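Consider the single chain below, provided in structure tokens and representing the form deposited in one PDB entry.
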């Protein structure tokens, strides 16, 4: 019976993680969690799971929870109180943005294994986080589909025997379009009404392939890979999630339909597996699987993520921050779709690279590109 902490429990992944806990009261206990401003959700979680400590973003909201619980904290410190809570066995960091960076580091220092649902953490601070995890002897477990897949291919294997790792990609919303059709695509072409659904930024990143770019960067640090060991391939059906070729030329692959709960539960159970009630993949129904060569002239954003790996240092911090700014301009109809990549490329070209930047320089650089004039 292991104690789970959830940072950012009211977001989409946090809620799926709570469902996993609810579906296995025999194996998991929610010992601690945080929310931003969704106090009603914190209330329902407290009554159902009786965590031992809970954090909110605003000091002002602590009084709302006092009638329900004896130990409420708030603010930037409250994330640390929760992430370093001494009864935690595993800390799921499903915070979005740079905010989850500090709490992860302090959790590692306290000796807690981390489940990362936060893509920024290893994109902007991959070296920093992984060296810290190795020094303190904790595991960084992915709860993302491609990294979960790679993680399962390497279970029981010696990392030194890896020849290379291939991440699959759908091709995104616009995969069917000609490169010239891409000169005329509108945000409407990617999203019918932005306010209907969640995941708008993520849809854009998948259409530009920045999403796969970020996953290449994370994989490089998560599994301590050389840059020329990390490959991609276009895979229309997204049934095969990743492949690993070993030095004997044997290739392991992880396959599945897209249930986002499976990697969450795997992170909670690793190295065990427990039952998950869900339909099984049926390859006879799938019938065919397609593969074709990644085209980096078309998906230039993925090319930029490899550039940020080659250059290293603070360059992936710039890539992530400017991508966030550019996708938001795109969503609010200020720039064309192809202007996303020119904006990123222009900012990358002018950036003066910093070392090996520290945690506070990473935050500085992140804030600068988010808030500068364009």
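Shifts are known only where both forms have a C-alpha. Rigid core: the largest C-alpha set superposing within 1.5 Å between the two forms. Numbering follows the first chain given and starts at 1.
One more form of this protein exists, namely the form solved in complex with a small molecule; it is left out here, but the text below deals with it.
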Look up in the bound PDB entry whether residue 152 has a non-hydrogen atom within 4.5 angstroms of the small molecule, and give yes or no. no
Tell me, yes or no, whether residue 249 is in contact with the small molecule in the bound PDB entry, where a contact means a heavy atom of each within 4.5 Å. no
For residue 201, is any heavy atom within 4.5 Å of the small molecule in the bound PDB entry, or not? no
Contact with the small molecule in the bound PDB entry for residue 288, defined as at least one heavy atom pair within 4.5 Å: yes or no? no
Within 4.5 Å of the small molecule in the bound PDB entry by heavy atoms, the stretch out of 144-152, 273-281, 249-257, 71-79 is 144-152
Selected contact from 106, 261, 119, 300, since only one has a non-hydrogen atom within 4.5 angstroms of the small molecule in the bound PDB entry: 119
The single option of 269, 98, 164, 170 touching the small molecule in the bound PDB entry, heavy atom within 4.5 Å: 170
Rigid-core superposed between this form and the one not shown, candidates 249, 288, 192, 155; the one over the 2 Å C-alpha cutoff or at it is 192
Relative Cα spacing, residue 294 and residue 192, in the bound PDB entry - shift of 3 Å or more: closer
Working note: in the bound PDB entry the C-alpha atoms of residue 194 and residue 343, off by 3 Å or more, come farther
Once the rigid core is lined up, which stretches of 3 or more residues in a row have C-alphas that move 2 Å or more between this form and the one not shown? 191-199
